Amino acid sequence: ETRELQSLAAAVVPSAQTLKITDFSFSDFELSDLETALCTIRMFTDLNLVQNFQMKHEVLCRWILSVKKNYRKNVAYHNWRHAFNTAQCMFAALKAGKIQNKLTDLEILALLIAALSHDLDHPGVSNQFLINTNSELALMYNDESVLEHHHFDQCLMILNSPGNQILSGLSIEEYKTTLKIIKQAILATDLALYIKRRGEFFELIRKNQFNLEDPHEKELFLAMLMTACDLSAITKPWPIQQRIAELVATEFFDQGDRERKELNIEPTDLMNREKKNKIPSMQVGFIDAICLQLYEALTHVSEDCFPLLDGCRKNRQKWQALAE
Ligand SMILES: CCCOCCn1c(=O)nc(NCCOC(C)C)c2cnc(-c3ccc(OC)nc3)cc21
Ligand SMILES: [Mg+2]
Ligand SMILES: [Zn+2]
């Protein structure tokens, strides 16, 4: 929409301080859609991406609105607000968490784009569901990280669309490198790839062998940072985290309803509204098994990332009081 582009491109962009986007405790709940788009421009601006990459304001504005438009409004959790919150957590980890200091402008550019694009056109159903219902997407990508390959395909489509080419000014070598980093960062959002690769990351930290100058270690770190940002709603102050967990559960139960109606199966506990009683004990298990070690490792990388670990520990204690 041309009208929405004009509304955004002609608007004054408030400061990062005013928008509170540097805060790990940030909440999008009170913001209007236009305000989330203004926050997004501010993220690109303050990470020196607009200046460094000579980005055309109108093009960046069109791209943000195209990304926002390509998230489904009938998806409870994996929608524009979650992608926006993931990017905000990336901005906070880069600024407040001091991750910016450890990466190049090209990596930062790729991470912010990947954070905003990582769930593009998420259908609100898991990879397993798409393989189960024999969906065309599952066939296109050989049942491996189906959604994640699709999110990158949607990301590229937007980047290649007329008037949305925010990378048009990059040199050919920079452009190819950025797309490769974006692709790897989006694929990293598949929790199966996080579990597969995390052991190597935790071992590198434990042995003090963690070296960001090594290209293989750099890619591994960017993958871990993507997961940390993706799951970051689990680290928010209790009331904010509780409201998002309700959306997470709503999406899982919506898939379960689809499985009951289309496949005639009793869904897995995670996807079964009738087994909503398992939520608190399952949240404790998931935080302990998946979340804590990741936030611990990121804090070892940069001490300033501690609020993510602190919030995760506080939420674990709260969910446990509900489950016990
Ligand atoms: C609330 C719904 C019930 O959650 C139960 C716990 N739980 C789970 O058991 N399994 C998940 N994924 C599939 C299995 O994965 C294995 C373990 C690798 C799973 C995925 N995401 C969340 C989540 C994320 C952010 C978030 O932010 C607030 N709140 C909850 C929780 C999750
Ligand atoms: Mg995803
Ligand atoms: Zn996500």
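Along the chain as shown, residues are numbered 1 onward.
Here the Cβ of each residue, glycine as well, is placed from N, Cα and C on the backbone.
DSSP assigns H78 (active site, proton donor) to coil in the three-state reduction, placing it in neither a helix nor a strand. Feature annotation from Swiss-Prot assigns active site, proton donor to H78; the stated evidence is similarity to another entry.
Around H118 (Zn(2+) binding site), the same-chain residues six or more apart in sequence whose CB sits under 8 Å from its CB are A83, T86, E148, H151, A185, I186, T189, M226, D230, listed in sequence order. What Swiss-Prot records for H82, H118, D119, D230 is Zn(2+) binding site, and it gives experimental evidence as the kind of evidence.
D119 (Zn(2+) binding site) carries neither a helix nor a strand DSSP state and counts as coil. For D119 (Zn(2+) binding site), other Cβ atoms within 10 Å of its Cβ number 26. The annotation Mg(2+) binding site is assigned in Swiss-Prot to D119 on the grounds of experimental evidence.
In the three-state DSSP reading, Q283 (3',5'-cyclic GMP binding site) counts as helix. Among the features that Swiss-Prot reports, 3',5'-cyclic GMP binding site is placed at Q283.
Within 8 Å of the Cβ centroid of the Zn(2+) site, not counting the listed residues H82, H118, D119, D230, the chain contributes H78, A83, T86, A115, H122, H151, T189. Cβ neighbour count for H82 (Zn(2+) binding site): 24 (other Cβ atoms within 10 Å of its Cβ, all protein chains included).
Cα-Cα distance from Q283 (3',5'-cyclic GMP binding site) to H82 (Zn(2+) binding site): 18 Å (rounded to the nearest whole number).
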